[PDB]
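2 protein chains.
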Amino acid sequence: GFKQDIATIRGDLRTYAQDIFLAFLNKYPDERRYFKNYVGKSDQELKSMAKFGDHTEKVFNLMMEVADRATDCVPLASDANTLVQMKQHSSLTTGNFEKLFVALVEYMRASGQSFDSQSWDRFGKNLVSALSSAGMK
Amino acid sequence: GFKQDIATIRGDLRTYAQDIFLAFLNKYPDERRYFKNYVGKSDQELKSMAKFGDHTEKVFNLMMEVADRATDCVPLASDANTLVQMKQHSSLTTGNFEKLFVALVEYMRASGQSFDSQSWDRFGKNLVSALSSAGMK
Ligand code: HEM
Ligand code: HEM
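Which chain is which? The protein sequence lines are B and A, in order. Using the deposited numbering, read the first sequence as starting at 1 and increasing by one per residue. Using the deposited numbering, read the second sequence as starting at 1 and increasing by one per residue.
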């Protein structure tokens with residue numbers, strides 16, 4: 001289920017985090033504009049950058065804590081507030097998160113590993129609603 | 001589902017509030033001690049007492065407000081704090097609330113009417129968690 005999925009991802013986190021984030025950037029290549037130096041590179045070239053695995057791992061470390069502090073796939077408002085107030089996310093709107101979760105759910109459905117993909121879709125929807133409640137445009 | 005149940009109960013709030021509150025007292029008769037004016041009264045005598053219909057409808061109106069503001073049956077912590085800080089609830093513990101929700105779910109499963117009874121049991125569990133976080137014993 002969703003709670004065990006968090007342990008699945010945590011057990012091989014840099015591999016899942018890069019694979020999911022690459023699925024997001026390949027599904028929505030225009031989203032590369034929020035990052036620096038990601039355009040113009042294939043997946044293997046991104047994975048050998050200095051910063052790419054380390055930053056994607058940090059993103060998923062935090063995503064999994066948000067998911068673990070949730071009840072029934074509903075994140076805490078304080079975790080939504082932190083994501084809205086991070087200076088690194090000052091340019092974003094909730095649509096950027098919904099695209100990330102659409103790609104994440106598609107990855108889980110396609111994978112050989114069992115995941116509770118419907119609960120990740122619901123968690124993404126609930127996080128978008130919480131980000132909007134916390135004031136993201 | 002749970003959102004429709006809020007509308008079903010709302011639509012005839014006096015009748016459902018009285019029926020569920022009496023199901024509570026009749027399953028857990030020791031709970032009637034907290035309502036000193038209802039001691040020794042039949043159900044029709046209760047229904048002749050203005051405060052009984054008025055105050056039970058108010059209880060259920062507030063429950064429905066808390067249920068409608070929940071996300072995926074997870075209530076707001078602010079709503080749990082209201083219920084804990086009410087002077088009328090000074091002497092209670094989370095087990096009183098657990099009893100009410102066991103009776104409410106039993107009533108739903110026995111009724112003709114369709115209800116998403118599993119969701120009301122999970123809402124009751126999540127609400128007792130939030131009452132305890134908000135300082136109920
Ligand atoms: C629940 C979803 C997300 C979480 C948990 C999250 C978390 C974080 C974290 C922890 C960092 C710090 C990375 C570091 O400095 O090492 C970061 C940076 C950043 N985030 Fe997010 N983020 C999320 C979603 C998004 C989305 C959807 C976008 C844009 C489409 C985005 C754009 C950015 C950018 C531009 C940075 C700084 C640039 C960089 O790391 O290269 N984030 N994020
Ligand atoms: C989610 C569940 C509950 C809600 C929403 C709730 C709500 C309320 C409200 C709105 C009132 C004020 C009624 C008025 O003055 O008109 C009230 C009074 C009161 N509540 Fe609750 N209550 C809940 C659970 C409980 C439980 C489980 C108990 C005890 C076993 C309890 C014991 C009482 C008592 C003793 C009063 C004062 C009686 C009166 O003056 O009518 N409540 N409640």
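Cβ atoms here follow ideal geometry from the backbone N, Cα and C, with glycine treated the same way.
In its own chain, which residues sit with a C-beta less than 8 Å from the C-beta of A/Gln-113, not counting the 5 before and 5 after it?
Taking the second sequence and counting its residues from 1, one reaches residue 113 of chain A at position 113. Counting only Cβ-Cβ distances below 8 Å, and skipping sequence neighbours, we find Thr-8.
Just checking my contact of B/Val-74 with A/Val-74 at CB under 8 Å: how many whole Å lie between their CB atoms?
By 1-based counting over the first sequence, the position of residue 74 of chain B is 74. By 1-based counting over the second sequence, the position of residue 74 of chain A is 74. So it is a contact: roughly 4 Å between Cβ atoms.
Quick one: does A/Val-74 have its CB under 8 Å from some CB of chain B?
Counting from 1 along the second sequence, the entry for residue 74 of chain A is found at position 74. Yes, its Cβ sits closer than 8 Å to a Cβ of chain B.
Would you call the stretch 107-122 of chain A in contact with the stretch 34-48 of chain A, where contact means no fewer than 3 C-beta pairs closer than 8 Å?
Taking 8 Å as the limit for Cβ pairs, the verdict is that the stretch 34-48 of chain A does not touch the stretch 107-122 of chain A.
Is B/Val-84 closer than 8 Å to B/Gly-135 when the C-beta atoms are compared?
Within the first sequence, numbered from 1, the residue matching residue 135 of chain B stands at position 135. Within the first sequence, numbered from 1, the residue matching residue 84 of chain B stands at position 84. Taking 8 Å as the Cβ cut-off, B/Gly-135 and B/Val-84 qualify as a contacting pair.
In chain order, what residues place their C-beta within less than 5 Å of a heavy atom belonging to ligand 2?
Ordered along the chain, the selected set is A/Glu-31, A/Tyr-34, A/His-55, A/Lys-58, A/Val-59, A/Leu-62, A/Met-63, A/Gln-88, A/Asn-96, A/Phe-97, A/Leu-100.
Indicate whether B/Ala-67 and B/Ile-20 have their beta-carbon atoms separated by less than 8 Å.
Counting from 1 along the first sequence, the entry for residue 67 of chain B is found at position 67. Counting from 1 along the first sequence, the entry for residue 20 of chain B is found at position 20. No. Outside cutoff.
Any heavy atom of ligand 1 inside 7 Å of the beta-carbon of B/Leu-22?
Working through the first sequence from its first residue, we reach residue 22 of chain B at position 22. Result no, Cβ not under 7 Å from ligand 1.
Closer than 7 Å: is that where the CB of B/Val-74 sits relative to any heavy atom of ligand 1?
The residue labelled residue 74 of chain B in the question sits at position 74 within the first sequence. No, the beta carbon of B/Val-74 sits no closer than 7 Å to any heavy atom of ligand 1.
If the cut is a Cβ gap below 8 Å, which residues of chain A does B/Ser-129 touch?
As a first step, residue 129 of chain B must be located in the first sequence, where it is residue number 129. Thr-71, listed in chain order.
Between B/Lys-47 and the rest of its own chain, which residues show a CB-CB distance below 7 Å, the 5 nearest in sequence each way excluded?
To locate residue 47 of chain B, count along the first sequence from 1; it is residue 47. These residues qualify, in order along the chain: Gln-18, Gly-53.
Taking only beta-carbon positions, decide if A/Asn-81 is within less than 8 Å of chain B.
Here residue 81 of chain A is taken as the residue at index 81 of the second sequence, counted from 1. For A/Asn-81, the answer is no, since every Cβ of chain B falls outside 8 Å of its Cβ.
Is B/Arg-33 close to chain A? Criterion is C-beta to C-beta, closer than 8 Å.
Along the first sequence, read from residue 1 onward, the residue named residue 33 of chain B stands at position 33. Taking Cβ atoms only, chain A never reaches closer than 8 Å to B/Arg-33, which makes this a no.
Give the straight-line distance between the Cα atoms of B/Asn-96 and B/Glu-31, rounded to the nearest whole angstrom.
Here the question's residue 96 of chain B lines up with position 96 in the first sequence. Here the question's residue 31 of chain B lines up with position 31 in the first sequence. The alpha-carbon atoms of B/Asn-96 and B/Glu-31 are separated by roughly 8 Å.
Have a look at B/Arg-14 and B/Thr-56 and give me their C-alpha separation to the nearest angstrom.
Taking the first sequence and counting its residues from 1, the one referred to as residue 14 of chain B is at position 14. Taking the first sequence and counting its residues from 1, the one referred to as residue 56 of chain B is at position 56. Cα to Cα, the separation comes out at about 8 Å.
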